[PDB]
Amino acid sequence: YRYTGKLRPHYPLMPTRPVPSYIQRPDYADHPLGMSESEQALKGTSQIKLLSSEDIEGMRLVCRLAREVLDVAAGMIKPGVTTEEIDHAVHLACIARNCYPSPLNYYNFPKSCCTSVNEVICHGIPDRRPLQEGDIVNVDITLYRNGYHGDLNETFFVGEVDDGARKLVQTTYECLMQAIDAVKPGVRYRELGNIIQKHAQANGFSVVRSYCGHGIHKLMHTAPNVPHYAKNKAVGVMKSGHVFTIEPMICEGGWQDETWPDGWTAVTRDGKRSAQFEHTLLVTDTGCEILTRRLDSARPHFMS
Ligand SMILES: N[C@@H](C1CCCCC1)P(=O)(O)O
Ligand SMILES: [Co+2]
Ligand SMILES: [Co+2]
Ligand SMILES: [K+]
């Protein structure tokens, strides 16, 4: 394999971490290939669940706990900390909240969160590499509680970064928030990509095509598929009671991705940096409830 940038995986990985049996487990947790029969049973359907009030309570709780876990990870970000160390802390924080770390064994993903450094677009695997001053790192958290998943991520600075990193991460965050600000009943899912690409392109960045936002609730990934690029063909119309994520990946160079031999790590083909932010959103009768928002602080960690 020809690496696209300066990053390399740092093996070996620690043996998979167990989750105590008292924590409730999603269907894929015990499938040998980590397949989710409940997701597969709805493959290729574009119908979107309308959440009940019990379903809304469950999503509110799990998304609030997921934010708490992201915040734990944010508190660990500094030069010298390895991504596996971050993942270990995340793992324990999930368990402390009686939640299962959704990514763990999801189609055999080996860790409890994703850590994506510099040219890693998404799904980086936590490993023995210490964070370097100047790096940018996304931690993506997903938790499962009482049958509901909640999903969010943020990109962080490691010590001091360069202006390019500041601009990339800021614009990325703005893309997410401009899309969120448009969410309300009656908006076509396909419109979000128009808004995202327009701001990314105005700042000289591209928009990753291969990965989309997604419905989320009882299933981790389900309808709707939410592309983040312009003139996409996403199916469907927002309605009060819909829950889904938006998670734009924006890159300094070109939009093309490829995947490491590990089967997960997605990297820019040119080796230039990518940034991402994600929230889980509930469409209300008039707008959007950001289920994964911070409750106690005005801004994302990188602006704090
Ligand atoms: N949270 C991410 C996943 C969740 C399942 C395993 C891989 C990481 P996403 O759905 O790509 O935002
Ligand atoms: Co995520
Ligand atoms: Co997601
Ligand atoms: K990255």
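Computation of the quantities below employed the complete heavy-atom set of this structure, encompassing side-chain atoms and omitting hydrogens, waters and symmetry-equivalent molecules. Whatever order the structure lists ligands and atoms in, that order sets their numbers, starting from 1. Here, residue 1 is the first one in the sequence, and each next residue gets the next number.
Nearest N/O/S atom of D151 relative to the Co ion (ligand 3): this is OD2. Nearest to the Co ion (ligand 3), among the N, O or S atoms that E278 has, is OE2. The atom name of the N/O/S atom in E247 closest to the Co ion (ligand 3) is OE2.
The closest protein non-hydrogen atom to atom 11 (O) of ligand 1 is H123 NE2, 2.7 Å. Protein heavy atom nearest atom 10 (O) of ligand 1, with residue, atom name and distance: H221 NE2, 2.5 Å. Nearest protein heavy-atom contact of atom 5 (C) of ligand 1 is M220 CE, 3.1 Å. Shortest contact from atom 9 (P) of ligand 1 to any protein heavy atom: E247 OE1, 3.7 Å.
Of all atoms in ligand 1, listed by their number and element, those nearer than 4.0 Å to a heavy atom of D151 are 1 (N), 9 (P), 10 (O), 12 (O). Counting the atoms of ligand 1 from 1 in the order shown, those under 4.0 Å from a heavy atom of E278 are 12 (O).
No part of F109 comes within 4.0 Å of ligand 1, judged by heavy-atom distances. Under 4.0 Å from ligand 1, the heavy atoms of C114 that appear belong solely to its side chain.
The Co ion (ligand 3) has no N, O or S atom of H221 under 2.8 Å away, backbone or side chain.
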- prompt: Run the side chain to side chain contact (heavy atoms under 4.5 Å, CB included) check on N138 and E278 step by step: do they pass?
  reply: CA-CA 10 Å; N138 181 282; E278 178 176 28; over 6 Å; no
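Considering backbone and side-chain N/O of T142, one or more are found under 3.5 Å from N/O of ligand 1. For a threshold of 3.5 Å applied to N or O pairs, the pair formed by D140 and ligand 1 contains at least one separation below that value. Residue-to-ligand polar distances keep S102 apart from ligand 1: every N/O pair is separated by 3.5 Å or more. For ligand 1, one of its N or O atoms has an N or O atom of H214 under 3.5 Å away.
A salt bridge is defined here as a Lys NZ or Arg NE, NH1 or NH2 lying under 4.0 Å from an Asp or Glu carboxylate O, and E133 with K78 fails to meet this definition. A salt bridge does not link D162 with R166: none of the charged nitrogens is closer than 4.0 Å to a carboxylate oxygen. A salt bridge does not link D127 with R8: none of the charged nitrogens is closer than 4.0 Å to a carboxylate oxygen. We find that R269 and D257 are not joined by a salt bridge, their nearest charged nitrogen and carboxylate oxygen being 4.0 Å or further apart.
Every side-chain contact (heavy atoms from CB on, under 4.5 Å) that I195 has, sequence neighbours left out, goes to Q178, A182, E191.
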